[PDB]
file coords.cif (mmCIF, C-alpha atoms and all ligand atoms; chains and numbers go by the auth columns)
data_final
loop_
_atom_site.group_PDB
_atom_site.id
_atom_site.type_symbol
_atom_site.label_atom_id
_atom_site.label_comp_id
_atom_site.label_asym_id
_atom_site.label_seq_id
_atom_site.Cartn_x
_atom_site.Cartn_y
_atom_site.Cartn_z
_atom_site.B_iso_or_equiv
_atom_site.auth_seq_id
_atom_site.auth_asym_id
ATOM 1 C CA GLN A 1 14.316 -13.550 24.878 0.00 25 A
ATOM 2 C CA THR A 2 13.391 -17.130 23.773 0.00 26 A
ATOM 3 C CA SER A 3 11.092 -19.416 25.778 0.00 27 A
ATOM 4 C CA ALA A 4 10.996 -23.200 25.545 0.00 28 A
ATOM 5 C CA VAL A 5 7.546 -23.020 23.924 0.00 29 A
ATOM 6 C CA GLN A 6 9.275 -20.984 21.210 0.00 30 A
ATOM 7 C CA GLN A 7 11.945 -23.696 21.009 0.00 31 A
ATOM 8 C CA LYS A 8 9.309 -26.326 20.321 0.00 32 A
ATOM 9 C CA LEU A 9 7.381 -24.082 17.910 0.00 33 A
ATOM 10 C CA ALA A 10 10.611 -23.512 15.992 0.00 34 A
ATOM 11 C CA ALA A 11 11.284 -27.250 15.821 0.00 35 A
ATOM 12 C CA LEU A 12 7.694 -27.863 14.739 0.00 36 A
ATOM 13 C CA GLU A 13 8.301 -25.251 12.006 0.00 37 A
ATOM 14 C CA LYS A 14 11.620 -26.781 10.902 0.00 38 A
ATOM 15 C CA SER A 15 9.927 -30.207 10.724 0.00 39 A
ATOM 16 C CA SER A 16 7.124 -28.784 8.591 0.00 40 A
ATOM 17 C CA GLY A 17 9.188 -27.221 5.816 0.00 41 A
ATOM 18 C CA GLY A 18 6.986 -24.123 5.982 0.00 42 A
ATOM 19 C CA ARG A 19 6.547 -20.816 7.790 0.00 43 A
ATOM 20 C CA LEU A 20 4.623 -20.851 11.054 0.00 44 A
ATOM 21 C CA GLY A 21 3.137 -17.931 12.889 0.00 45 A
ATOM 22 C CA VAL A 22 1.514 -18.171 16.279 0.00 46 A
ATOM 23 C CA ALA A 23 0.039 -15.721 18.753 0.00 47 A
ATOM 24 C CA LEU A 24 -1.581 -16.613 22.083 0.00 48 A
ATOM 25 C CA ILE A 25 -3.300 -14.295 24.558 0.00 49 A
ATOM 26 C CA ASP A 26 -3.988 -15.660 28.042 0.00 50 A
ATOM 27 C CA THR A 27 -6.771 -13.431 29.350 0.00 51 A
ATOM 28 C CA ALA A 28 -6.215 -14.489 32.965 0.00 52 A
ATOM 29 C CA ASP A 29 -2.866 -12.672 33.251 0.00 53 A
ATOM 30 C CA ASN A 30 -2.965 -10.878 29.863 0.00 54 A
ATOM 31 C CA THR A 31 0.240 -12.669 28.914 0.00 55 A
ATOM 32 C CA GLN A 32 1.221 -13.265 25.304 0.00 56 A
ATOM 33 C CA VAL A 33 3.350 -15.923 23.608 0.00 57 A
ATOM 34 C CA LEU A 34 4.242 -15.447 19.959 0.00 59 A
ATOM 35 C CA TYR A 35 6.213 -17.029 17.108 0.00 60 A
ATOM 36 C CA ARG A 36 6.901 -14.925 13.980 0.00 61 A
ATOM 37 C CA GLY A 37 4.154 -12.897 15.620 0.00 62 A
ATOM 38 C CA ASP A 38 4.911 -9.696 13.657 0.00 63 A
ATOM 39 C CA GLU A 39 5.399 -11.330 10.275 0.00 64 A
ATOM 40 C CA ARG A 40 2.637 -11.062 7.720 0.00 65 A
ATOM 41 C CA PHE A 41 0.679 -14.130 6.657 0.00 66 A
ATOM 42 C CA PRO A 42 -2.114 -14.482 4.100 0.00 67 A
ATOM 43 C CA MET A 43 -5.330 -14.592 6.132 0.00 68 A
ATOM 44 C CA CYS A 44 -7.388 -16.540 3.617 0.00 69 A
ATOM 45 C CA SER A 45 -10.805 -17.376 5.040 0.00 70 A
ATOM 46 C CA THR A 46 -9.880 -16.184 8.559 0.00 71 A
ATOM 47 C CA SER A 47 -10.679 -12.725 7.205 0.00 72 A
ATOM 48 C CA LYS A 48 -14.345 -13.733 7.232 0.00 73 A
ATOM 49 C CA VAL A 49 -14.387 -13.024 10.969 0.00 74 A
ATOM 50 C CA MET A 50 -13.633 -9.352 10.359 0.00 75 A
ATOM 51 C CA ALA A 51 -16.297 -9.118 7.647 0.00 76 A
ATOM 52 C CA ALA A 52 -18.952 -10.859 9.737 0.00 77 A
ATOM 53 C CA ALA A 53 -18.076 -8.734 12.777 0.00 78 A
ATOM 54 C CA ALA A 54 -18.265 -5.567 10.664 0.00 79 A
ATOM 55 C CA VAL A 55 -21.807 -6.452 9.573 0.00 80 A
ATOM 56 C CA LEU A 56 -22.757 -7.248 13.168 0.00 81 A
ATOM 57 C CA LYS A 57 -21.485 -3.768 14.043 0.00 82 A
ATOM 58 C CA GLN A 58 -23.823 -2.239 11.424 0.00 83 A
ATOM 59 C CA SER A 59 -26.630 -4.269 12.970 0.00 84 A
ATOM 60 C CA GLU A 60 -26.219 -2.424 16.297 0.00 85 A
ATOM 61 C CA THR A 61 -27.797 0.656 14.701 0.00 86 A
ATOM 62 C CA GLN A 62 -29.799 -1.204 12.026 0.00 87 A
ATOM 63 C CA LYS A 63 -31.659 -3.613 14.286 0.00 88 A
ATOM 64 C CA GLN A 64 -33.352 -5.831 11.668 0.00 89 A
ATOM 65 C CA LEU A 65 -30.292 -5.955 9.372 0.00 90 A
ATOM 66 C CA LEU A 66 -29.412 -9.562 10.062 0.00 91 A
ATOM 67 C CA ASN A 67 -32.923 -10.498 8.958 0.00 92 A
ATOM 68 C CA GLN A 68 -32.665 -8.687 5.598 0.00 93 A
ATOM 69 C CA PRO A 69 -33.050 -11.018 2.608 0.00 94 A
ATOM 70 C CA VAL A 70 -30.184 -10.910 0.139 0.00 95 A
ATOM 71 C CA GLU A 71 -30.559 -12.355 -3.321 0.00 96 A
ATOM 72 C CA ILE A 72 -28.246 -15.131 -4.557 0.00 97 A
ATOM 73 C CA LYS A 73 -27.897 -14.973 -8.339 0.00 98 A
ATOM 74 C CA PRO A 74 -25.988 -17.452 -10.532 0.00 99 A
ATOM 75 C CA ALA A 75 -23.358 -14.757 -11.209 0.00 100 A
ATOM 76 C CA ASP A 76 -22.630 -14.453 -7.486 0.00 101 A
ATOM 77 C CA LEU A 77 -21.320 -18.006 -7.296 0.00 102 A
ATOM 78 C CA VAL A 78 -17.553 -18.352 -6.998 0.00 103 A
ATOM 79 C CA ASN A 79 -15.220 -21.256 -6.286 0.00 104 A
ATOM 80 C CA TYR A 80 -16.626 -22.718 -3.061 0.00 105 A
ATOM 81 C CA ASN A 81 -20.296 -22.077 -2.257 0.00 106 A
ATOM 82 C CA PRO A 82 -21.528 -25.024 -0.185 0.00 107 A
ATOM 83 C CA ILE A 83 -24.474 -23.121 1.313 0.00 108 A
ATOM 84 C CA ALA A 84 -25.160 -20.391 -1.211 0.00 109 A
ATOM 85 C CA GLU A 85 -25.360 -22.760 -4.162 0.00 110 A
ATOM 86 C CA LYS A 86 -28.477 -24.136 -2.510 0.00 111 A
ATOM 87 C CA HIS A 87 -30.267 -20.842 -2.717 0.00 112 A
ATOM 88 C CA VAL A 88 -29.398 -19.409 -6.127 0.00 113 A
ATOM 89 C CA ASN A 89 -32.371 -17.667 -7.726 0.00 114 A
ATOM 90 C CA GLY A 90 -33.653 -17.360 -4.158 0.00 115 A
ATOM 91 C CA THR A 91 -32.602 -15.386 -1.044 0.00 116 A
ATOM 92 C CA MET A 92 -30.532 -15.709 2.150 0.00 117 A
ATOM 93 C CA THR A 93 -30.558 -13.378 5.156 0.00 118 A
ATOM 94 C CA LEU A 94 -27.429 -11.554 6.294 0.00 119 A
ATOM 95 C CA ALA A 95 -27.541 -13.816 9.395 0.00 120 A
ATOM 96 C CA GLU A 96 -27.676 -16.879 7.164 0.00 121 A
ATOM 97 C CA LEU A 97 -24.890 -15.474 4.980 0.00 122 A
ATOM 98 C CA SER A 98 -22.769 -14.793 8.059 0.00 123 A
ATOM 99 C CA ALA A 99 -23.322 -18.289 9.382 0.00 124 A
ATOM 100 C CA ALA A 100 -22.533 -19.788 5.969 0.00 125 A
ATOM 101 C CA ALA A 101 -19.273 -17.785 5.698 0.00 126 A
ATOM 102 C CA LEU A 102 -18.101 -18.490 9.213 0.00 127 A
ATOM 103 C CA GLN A 103 -19.327 -22.076 9.731 0.00 128 A
ATOM 104 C CA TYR A 104 -18.913 -23.571 6.250 0.00 129 A
ATOM 105 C CA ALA A 105 -16.275 -21.245 4.806 0.00 130 A
ATOM 106 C CA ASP A 106 -18.717 -20.202 2.036 0.00 131 A
ATOM 107 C CA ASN A 107 -16.922 -17.776 -0.291 0.00 132 A
ATOM 108 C CA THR A 108 -20.102 -16.520 -1.915 0.00 133 A
ATOM 109 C CA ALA A 109 -21.442 -15.639 1.520 0.00 134 A
ATOM 110 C CA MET A 110 -18.221 -13.735 2.269 0.00 135 A
ATOM 111 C CA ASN A 111 -18.629 -11.763 -0.914 0.00 136 A
ATOM 112 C CA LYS A 112 -22.144 -10.768 0.122 0.00 137 A
ATOM 113 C CA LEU A 113 -20.786 -9.512 3.455 0.00 138 A
ATOM 114 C CA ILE A 114 -18.061 -7.559 1.668 0.00 139 A
ATOM 115 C CA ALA A 115 -20.666 -6.025 -0.606 0.00 140 A
ATOM 116 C CA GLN A 116 -22.838 -5.048 2.378 0.00 141 A
ATOM 117 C CA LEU A 117 -19.788 -3.193 3.783 0.00 142 A
ATOM 118 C CA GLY A 118 -19.062 -1.351 0.544 0.00 143 A
ATOM 119 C CA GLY A 119 -16.107 -3.419 -0.664 0.00 144 A
ATOM 120 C CA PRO A 120 -12.934 -4.762 0.883 0.00 145 A
ATOM 121 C CA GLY A 121 -12.166 -1.273 2.081 0.00 146 A
ATOM 122 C CA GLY A 122 -15.224 -1.437 4.315 0.00 147 A
ATOM 123 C CA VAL A 123 -13.833 -4.498 6.036 0.00 148 A
ATOM 124 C CA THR A 124 -10.420 -2.876 6.527 0.00 149 A
ATOM 125 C CA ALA A 125 -12.247 0.218 7.782 0.00 150 A
ATOM 126 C CA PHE A 126 -13.901 -1.810 10.581 0.00 151 A
ATOM 127 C CA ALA A 127 -10.480 -3.221 11.560 0.00 152 A
ATOM 128 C CA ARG A 128 -9.031 0.284 11.861 0.00 153 A
ATOM 129 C CA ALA A 129 -12.190 1.307 13.792 0.00 154 A
ATOM 130 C CA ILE A 130 -11.614 -1.367 16.455 0.00 155 A
ATOM 131 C CA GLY A 131 -7.905 -0.572 16.813 0.00 156 A
ATOM 132 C CA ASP A 132 -6.344 -2.997 14.303 0.00 157 A
ATOM 133 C CA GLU A 133 -3.809 -1.067 12.181 0.00 158 A
ATOM 134 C CA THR A 134 -2.319 -4.236 10.583 0.00 159 A
ATOM 135 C CA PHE A 135 -5.239 -6.053 8.979 0.00 160 A
ATOM 136 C CA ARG A 136 -5.756 -5.376 5.375 0.00 161 A
ATOM 137 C CA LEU A 137 -8.402 -6.776 3.091 0.00 162 A
ATOM 138 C CA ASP A 138 -7.764 -5.910 -0.529 0.00 163 A
ATOM 139 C CA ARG A 139 -9.681 -8.418 -2.635 0.00 164 A
ATOM 140 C CA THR A 140 -12.905 -10.403 -2.637 0.00 165 A
ATOM 141 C CA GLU A 141 -13.253 -14.174 -2.856 0.00 166 A
ATOM 142 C CA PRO A 142 -11.627 -16.109 -4.364 0.00 167 A
ATOM 143 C CA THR A 143 -8.583 -13.977 -5.256 0.00 168 A
ATOM 144 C CA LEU A 144 -7.893 -12.921 -1.668 0.00 169 A
ATOM 145 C CA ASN A 145 -6.507 -16.482 -1.188 0.00 170 A
ATOM 146 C CA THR A 146 -3.610 -16.317 -3.676 0.00 171 A
ATOM 147 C CA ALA A 147 -1.240 -16.212 -0.635 0.00 172 A
ATOM 148 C CA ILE A 148 1.661 -15.267 -2.852 0.00 173 A
ATOM 149 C CA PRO A 149 4.925 -15.039 -0.888 0.00 174 A
ATOM 150 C CA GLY A 150 5.781 -11.417 -0.150 0.00 175 A
ATOM 151 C CA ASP A 151 2.390 -10.065 -1.294 0.00 176 A
ATOM 152 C CA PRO A 152 1.041 -7.694 1.435 0.00 177 A
ATOM 153 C CA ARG A 153 -2.537 -7.942 0.099 0.00 178 A
ATOM 154 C CA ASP A 154 -5.009 -9.692 2.379 0.00 179 A
ATOM 155 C CA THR A 155 -2.517 -10.210 5.198 0.00 180 A
ATOM 156 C CA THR A 156 -2.289 -9.619 8.890 0.00 181 A
ATOM 157 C CA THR A 157 0.133 -10.641 11.591 0.00 182 A
ATOM 158 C CA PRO A 158 -0.494 -13.250 14.281 0.00 183 A
ATOM 159 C CA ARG A 159 -0.185 -10.603 16.998 0.00 184 A
ATOM 160 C CA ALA A 160 -2.732 -8.263 15.387 0.00 185 A
ATOM 161 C CA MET A 161 -5.325 -10.968 14.681 0.00 186 A
ATOM 162 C CA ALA A 162 -5.203 -12.387 18.191 0.00 187 A
ATOM 163 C CA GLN A 163 -5.649 -8.906 19.686 0.00 188 A
ATOM 164 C CA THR A 164 -8.592 -8.298 17.334 0.00 189 A
ATOM 165 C CA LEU A 165 -10.275 -11.657 17.910 0.00 190 A
ATOM 166 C CA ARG A 166 -10.053 -11.043 21.670 0.00 191 A
ATOM 167 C CA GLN A 167 -11.784 -7.638 21.322 0.00 192 A
ATOM 168 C CA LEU A 168 -14.554 -9.070 19.177 0.00 193 A
ATOM 169 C CA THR A 169 -15.345 -12.228 21.096 0.00 194 A
ATOM 170 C CA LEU A 170 -14.314 -11.402 24.709 0.00 195 A
ATOM 171 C CA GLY A 171 -14.066 -7.594 24.697 0.00 196 A
ATOM 172 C CA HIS A 172 -16.632 -5.006 23.696 0.00 197 A
ATOM 173 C CA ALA A 173 -15.630 -4.010 20.161 0.00 198 A
ATOM 174 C CA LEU A 174 -19.168 -5.238 19.465 0.00 199 A
ATOM 175 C CA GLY A 175 -22.466 -4.877 21.273 0.00 200 A
ATOM 176 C CA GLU A 176 -23.220 -7.616 23.749 0.00 201 A
ATOM 177 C CA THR A 177 -25.885 -9.215 21.554 0.00 202 A
ATOM 178 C CA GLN A 178 -23.558 -9.047 18.558 0.00 203 A
ATOM 179 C CA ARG A 179 -20.608 -10.468 20.440 0.00 204 A
ATOM 180 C CA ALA A 180 -22.813 -13.347 21.621 0.00 205 A
ATOM 181 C CA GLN A 181 -23.903 -14.051 18.056 0.00 206 A
ATOM 182 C CA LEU A 182 -20.296 -14.042 16.870 0.00 207 A
ATOM 183 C CA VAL A 183 -19.392 -16.514 19.645 0.00 208 A
ATOM 184 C CA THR A 184 -22.340 -18.730 18.799 0.00 209 A
ATOM 185 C CA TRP A 185 -21.252 -18.665 15.151 0.00 210 A
ATOM 186 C CA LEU A 186 -17.610 -19.438 15.949 0.00 211 A
ATOM 187 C CA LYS A 187 -18.498 -22.323 18.254 0.00 212 A
ATOM 188 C CA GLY A 188 -20.595 -23.979 15.537 0.00 213 A
ATOM 189 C CA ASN A 189 -17.855 -23.892 12.947 0.00 214 A
ATOM 190 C CA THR A 190 -17.845 -27.178 10.990 0.00 215 A
ATOM 191 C CA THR A 191 -14.424 -26.808 9.357 0.00 216 A
ATOM 192 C CA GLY A 192 -12.028 -26.855 12.321 0.00 217 A
ATOM 193 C CA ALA A 193 -11.927 -30.362 13.713 0.00 218 A
ATOM 194 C CA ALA A 194 -8.445 -31.107 12.379 0.00 219 A
ATOM 195 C CA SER A 195 -6.842 -27.730 13.244 0.00 220 A
ATOM 196 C CA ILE A 196 -6.503 -25.955 16.628 0.00 221 A
ATOM 197 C CA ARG A 197 -9.303 -28.055 18.185 0.00 222 A
ATOM 198 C CA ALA A 198 -7.345 -31.268 17.461 0.00 223 A
ATOM 199 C CA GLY A 199 -4.445 -30.066 19.620 0.00 224 A
ATOM 200 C CA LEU A 200 -6.392 -29.049 22.618 0.00 225 A
ATOM 201 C CA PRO A 201 -7.874 -30.912 25.570 0.00 226 A
ATOM 202 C CA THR A 202 -11.297 -32.252 24.604 0.00 227 A
ATOM 203 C CA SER A 203 -12.937 -30.596 27.611 0.00 228 A
ATOM 204 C CA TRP A 204 -12.018 -27.093 26.381 0.00 229 A
ATOM 205 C CA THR A 205 -14.759 -25.236 24.525 0.00 230 A
ATOM 206 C CA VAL A 206 -13.641 -23.668 21.276 0.00 231 A
ATOM 207 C CA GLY A 207 -14.843 -21.263 18.643 0.00 232 A
ATOM 208 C CA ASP A 208 -12.695 -20.949 15.600 0.00 233 A
ATOM 209 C CA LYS A 209 -12.429 -19.935 11.994 0.00 234 A
ATOM 210 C CA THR A 210 -10.076 -21.808 9.633 0.00 235 A
ATOM 211 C CA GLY A 211 -8.515 -20.571 6.470 0.00 236 A
ATOM 212 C CA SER A 212 -6.852 -22.245 3.535 0.00 237 A
ATOM 213 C CA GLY A 213 -5.325 -21.081 0.299 0.00 238 A
ATOM 214 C CA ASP A 214 -2.567 -21.403 -2.229 0.00 240 A
ATOM 215 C CA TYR A 215 1.004 -22.089 -1.096 0.00 241 A
ATOM 216 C CA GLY A 216 -0.505 -24.666 1.207 0.00 242 A
ATOM 217 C CA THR A 217 -1.680 -21.827 3.432 0.00 243 A
ATOM 218 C CA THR A 218 -3.422 -23.388 6.408 0.00 244 A
ATOM 219 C CA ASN A 219 -4.772 -21.127 9.138 0.00 245 A
ATOM 220 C CA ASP A 220 -6.955 -21.137 12.226 0.00 246 A
ATOM 221 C CA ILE A 221 -7.930 -18.533 14.770 0.00 247 A
ATOM 222 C CA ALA A 222 -9.661 -19.482 17.949 0.00 248 A
ATOM 223 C CA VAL A 223 -11.277 -18.338 21.144 0.00 249 A
ATOM 224 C CA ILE A 224 -10.712 -20.996 23.821 0.00 250 A
ATOM 225 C CA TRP A 225 -12.560 -21.524 27.128 0.00 251 A
ATOM 226 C CA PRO A 226 -10.541 -24.063 29.222 0.00 252 A
ATOM 227 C CA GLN A 227 -13.533 -24.972 32.071 0.00 254 A
ATOM 228 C CA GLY A 228 -12.444 -23.301 35.267 0.00 255 A
ATOM 229 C CA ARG A 229 -9.852 -20.889 34.049 0.00 256 A
ATOM 230 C CA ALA A 230 -10.146 -17.736 31.958 0.00 257 A
ATOM 231 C CA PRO A 231 -10.447 -17.838 28.166 0.00 258 A
ATOM 232 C CA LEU A 232 -7.561 -17.851 25.714 0.00 259 A
ATOM 233 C CA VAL A 233 -7.096 -16.520 22.189 0.00 260 A
ATOM 234 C CA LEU A 234 -4.869 -18.416 19.787 0.00 261 A
ATOM 235 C CA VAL A 235 -4.026 -17.747 16.152 0.00 262 A
ATOM 236 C CA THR A 236 -1.987 -20.156 14.080 0.00 263 A
ATOM 237 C CA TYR A 237 -0.931 -19.268 10.556 0.00 264 A
ATOM 238 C CA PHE A 238 1.050 -21.506 8.252 0.00 265 A
ATOM 239 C CA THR A 239 2.218 -21.146 4.681 0.00 266 A
ATOM 240 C CA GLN A 240 4.614 -23.017 2.472 0.00 267 A
ATOM 241 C CA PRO A 241 7.085 -22.511 -0.382 0.00 268 A
ATOM 242 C CA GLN A 242 5.333 -24.354 -3.231 0.00 269 A
ATOM 243 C CA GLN A 243 2.258 -22.693 -4.685 0.00 270 A
ATOM 244 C CA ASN A 244 0.639 -26.131 -4.990 0.00 271 A
ATOM 245 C CA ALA A 245 1.615 -27.293 -1.488 0.00 272 A
ATOM 246 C CA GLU A 246 -0.911 -29.442 0.348 0.00 273 A
ATOM 247 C CA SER A 247 -2.934 -28.399 3.404 0.00 274 A
ATOM 248 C CA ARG A 248 -1.214 -28.931 6.755 0.00 275 A
ATOM 249 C CA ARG A 249 -3.899 -28.696 9.408 0.00 276 A
ATOM 250 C CA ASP A 250 -1.754 -31.025 11.546 0.00 277 A
ATOM 251 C CA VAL A 251 0.798 -28.241 12.025 0.00 278 A
ATOM 252 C CA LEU A 252 -1.891 -26.069 13.575 0.00 279 A
ATOM 253 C CA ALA A 253 -3.105 -28.911 15.823 0.00 280 A
ATOM 254 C CA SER A 254 0.543 -29.426 16.814 0.00 281 A
ATOM 255 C CA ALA A 255 1.215 -25.748 17.499 0.00 282 A
ATOM 256 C CA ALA A 256 -1.930 -25.656 19.632 0.00 283 A
ATOM 257 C CA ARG A 257 -0.818 -28.673 21.664 0.00 284 A
ATOM 258 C CA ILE A 258 2.614 -27.098 22.288 0.00 285 A
ATOM 259 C CA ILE A 259 0.886 -23.865 23.369 0.00 286 A
ATOM 260 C CA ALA A 260 -1.502 -25.793 25.652 0.00 287 A
ATOM 261 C CA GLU A 261 1.381 -27.814 27.154 0.00 288 A
ATOM 262 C CA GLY A 262 3.285 -24.617 27.956 0.00 289 A
ATOM 263 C CA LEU A 263 0.514 -23.098 30.062 0.00 290 A
HETATM 264 K K K B . -13.438 -21.115 2.106 0.00 1 B
#
call {"tool": "encode", "arguments": {"input": "coords.cif", "output": "structure tokens"}}
result
Amino acid sequence: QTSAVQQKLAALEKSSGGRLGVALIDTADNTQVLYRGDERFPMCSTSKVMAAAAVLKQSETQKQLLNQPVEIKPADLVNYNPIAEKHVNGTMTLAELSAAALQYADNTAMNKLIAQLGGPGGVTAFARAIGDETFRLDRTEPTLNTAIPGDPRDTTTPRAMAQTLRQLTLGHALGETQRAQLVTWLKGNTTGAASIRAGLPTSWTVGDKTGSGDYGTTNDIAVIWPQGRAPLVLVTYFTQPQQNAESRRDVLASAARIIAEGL
């Protein structure tokens, strides 16, 4: 089958010169609308949601865990550390690290979450534990963002990520307090204004996590509450042929608009 939303997503893709993947879940009627929805895409920073959620899950049994101070040493600093670089030779809590990773895309913070989970395999392990058999996290920051065409490392599919984000933010993969914290974190993201949120009616409330990497990889995953009606989950992944391709957040805004117009 091929819906007219798919016809406009395909044209958007052709216009873009890149590879677009989209997956929407309408919770109201549990319907799904997908474009290259089973192809793999580099997740880039959108993988931080899985790592933050995995640490929240540990916090269900370890009740003070989010309050635990974690040292920031000079050697922990990587390529983009907007919050952590302010605390080197001091400490940050796992809550602070989670907020820095999710809301400011801090790669040092992500690496602290990965370390708390025992390595990238501990993030993948949480994905398998909540039903996601597609997600794979293989590297730490910054190398998980190489987004090399054909490389299965650090990839998921639009379908799998939208199903997972639903479970974490709207379902009960997490404890209620942990889910609420994740939602609070996602809603306060500072990096998404030009991506999914830019394609959506202003009155809709959004939580999202962006991602960016080599090959112009430009991603966003969002939980959407559109006032009146039931929430939506939308993932938009985009990647391009040239390793040094520029960011294309507009494509994600545009995919989101097409998806919103087809409701
Ligand atoms: K980042």
call {"tool": "closest_residue", "arguments": {"input": "coords.cif", "among": "A:103, A:262, A:225, A:286", "to": "ligand K 1 (chain B)", "atoms": "all atoms listed in the file"}}
result
A:103
call {"tool": "resolve_selection", "arguments": {"input": "coords.cif", "expression": "the PyMOL selection byres (((not hetatm)) within 8 of (chain B and resi 1))", "output": "VMD selection string"}}
result
chain A and resid 69 to 70 105 126 129 to 132 236 to 237
call {"tool": "residues_near_point", "arguments": {"input": "coords.cif", "point": "(-29.7, -19.5, -13.4)", "cutoff": "9 Å", "atoms": "only C-alpha atoms", "output": "MDAnalysis selection string"}}
result
chainID A and resid 98:100 113:114
call {"tool": "resolve_selection", "arguments": {"input": "coords.cif", "expression": "the PyMOL selection byres (((chain A and resi 51) around 8) and not hetatm)", "output": "PyMOL selection string"}}
result
chain A and resi 49-50+52-55+257-260
call {"tool": "resolve_selection", "arguments": {"input": "coords.cif", "expression": "the PyMOL selection byres (((chain A and resi 148-157) around 10) and not hetatm)", "output": "count of residues only"}}
result
38
call {"tool": "closest_residue", "arguments": {"input": "coords.cif", "among": "A:246, A:277, A:85, A:233", "to": "residue 39 (chain A)", "atoms": "all atoms listed in the file"}}
result
A:277
call {"tool": "closest_residue", "arguments": {"input": "coords.cif", "among": "A:276, A:284, A:111, A:212", "to": "residue 124 (chain A)", "atoms": "only C-alpha atoms"}}
result
A:212
call {"tool": "atom_distance", "arguments": {"input": "coords.cif", "atom1": "CA of residue 172 (chain A)", "atom2": "CA of residue 135 (chain A)"}}
result
17.4 Å
call {"tool": "atom_distance", "arguments": {"input": "coords.cif", "atom1": "CA of residue 63 (chain A)", "atom2": "CA of residue 230 (chain A)"}}
result
27.3 Å
call {"tool": "atom_distance", "arguments": {"input": "coords.cif", "atom1": "CA of residue 267 (chain A)", "atom2": "CA of residue 37 (chain A)"}}
result
10.5 Å
call {"tool": "closest_residue", "arguments": {"input": "coords.cif", "among": "A:94, A:224, A:252, A:213", "to": "residue 278 (chain A)", "atoms": "all atoms listed in the file"}}
result
A:224
call {"tool": "closest_residue", "arguments": {"input": "coords.cif", "among": "A:217, A:107, A:183, A:167", "to": "residue 264 (chain A)", "atoms": "only C-alpha atoms"}}
result
A:183
call {"tool": "closest_residue", "arguments": {"input": "coords.cif", "among": "A:134, A:249, A:28, A:219", "to": "residue 274 (chain A)", "atoms": "all atoms listed in the file"}}
result
A:219
call {"tool": "residues_around", "arguments": {"input": "coords.cif", "residues": "residue 133 (chain A)", "least_positions_apart": "3", "cutoff": "8 Å", "atoms": "all atoms listed in the file", "output": "list in words"}}
result
residues 101, 102, 103, 105, 106, 109, 126, 136, 137 and 166 of chain A
call {"tool": "axis_aligned_box", "arguments": {"input": "coords.cif", "around": "region 142-156 of chain A", "padding_each_side": "4 Å", "output": "AutoDock Vina command-line options"}}
result
--center_x -13.8 --center_y -1.7 --center_z 8.1 --size_x 19.9 --size_y 14.1 --size_z 25.5
call {"tool": "residues_around", "arguments": {"input": "coords.cif", "residues": "residue 95 (chain A)", "least_positions_apart": "5", "cutoff": "9 Å", "atoms": "all atoms listed in the file", "output": "tab-separated table (two decimals) with C-alpha atoms, in the frame of the given file"}}
result
chain	number	residue	atom	x	y	z
A	115	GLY	CA	-33.65	-17.36	-4.16
A	116	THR	CA	-32.60	-15.39	-1.04
A	117	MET	CA	-30.53	-15.71	2.15
A	118	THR	CA	-30.56	-13.38	5.16
A	119	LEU	CA	-27.43	-11.55	6.29
A	122	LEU	CA	-24.89	-15.47	4.98
A	137	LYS	CA	-22.14	-10.77	0.12
call {"tool": "residues_around", "arguments": {"input": "coords.cif", "residues": "residue 231 (chain A)", "least_positions_apart": "4", "cutoff": "8 Å", "atoms": "all atoms listed in the file", "output": "list in words"}}
result
residues 211, 212, 222, 248, 249, 250 and 251 of chain A
call {"tool": "write_last_selection", "arguments": {"input": "coords.cif", "atoms": "C-alpha atoms", "output": "short mmCIF file (atom, residue, chain, number, x, y, z; two decimals), in the frame of the given file"}}
result
data_model
loop_
_atom_site.label_atom_id
_atom_site.label_comp_id
_atom_site.auth_asym_id
_atom_site.auth_seq_id
_atom_site.Cartn_x
_atom_site.Cartn_y
_atom_site.Cartn_z
CA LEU A 211 -17.61 -19.44 15.95
CA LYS A 212 -18.50 -22.32 18.25
CA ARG A 222 -9.30 -28.06 18.18
CA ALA A 248 -9.66 -19.48 17.95
CA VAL A 249 -11.28 -18.34 21.14
CA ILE A 250 -10.71 -21.00 23.82
CA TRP A 251 -12.56 -21.52 27.13
#
call {"tool": "residues_near_point", "arguments": {"input": "coords.cif", "point": "(7.8, -25.3, 18.3)", "cutoff": "12 Å", "atoms": "all atoms listed in the file", "output": "PyMOL selection string"}}
result
chain A and resi 26-40+43-46+57+59-61+263+278-289
call {"tool": "residues_around", "arguments": {"input": "coords.cif", "residues": "residue 261 (chain A)", "least_positions_apart": "3", "cutoff": "6 Å", "atoms": "only C-alpha atoms", "output": "number ranges by chain"}}
result
A: 47-48, 247-248
call {"tool": "build_atoms", "arguments": {"input": "coords.cif", "residues": "region 115-120 of chain A", "atoms": "N, CA and C atoms", "output": "short mmCIF file (atom, residue, chain, number, x, y, z; two decimals), keeping the file's coordinate frame"}}
result
data_model
loop_
_atom_site.label_atom_id
_atom_site.label_comp_id
_atom_site.auth_asym_id
_atom_site.auth_seq_id
_atom_site.Cartn_x
_atom_site.Cartn_y
_atom_site.Cartn_z
N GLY A 115 -32.88 -17.68 -5.35
CA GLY A 115 -33.65 -17.36 -4.16
C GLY A 115 -32.94 -16.36 -3.26
N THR A 116 -33.24 -16.33 -1.95
CA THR A 116 -32.60 -15.39 -1.04
C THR A 116 -32.01 -16.07 0.18
N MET A 117 -31.09 -15.36 0.84
CA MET A 117 -30.53 -15.71 2.15
C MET A 117 -30.44 -14.44 2.99
N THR A 118 -30.66 -14.55 4.30
CA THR A 118 -30.56 -13.38 5.16
C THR A 118 -29.09 -13.09 5.45
N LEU A 119 -28.81 -11.87 5.94
CA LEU A 119 -27.43 -11.55 6.29
C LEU A 119 -26.96 -12.44 7.45
N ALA A 120 -27.88 -12.86 8.34
CA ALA A 120 -27.54 -13.82 9.40
C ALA A 120 -27.17 -15.15 8.79
#
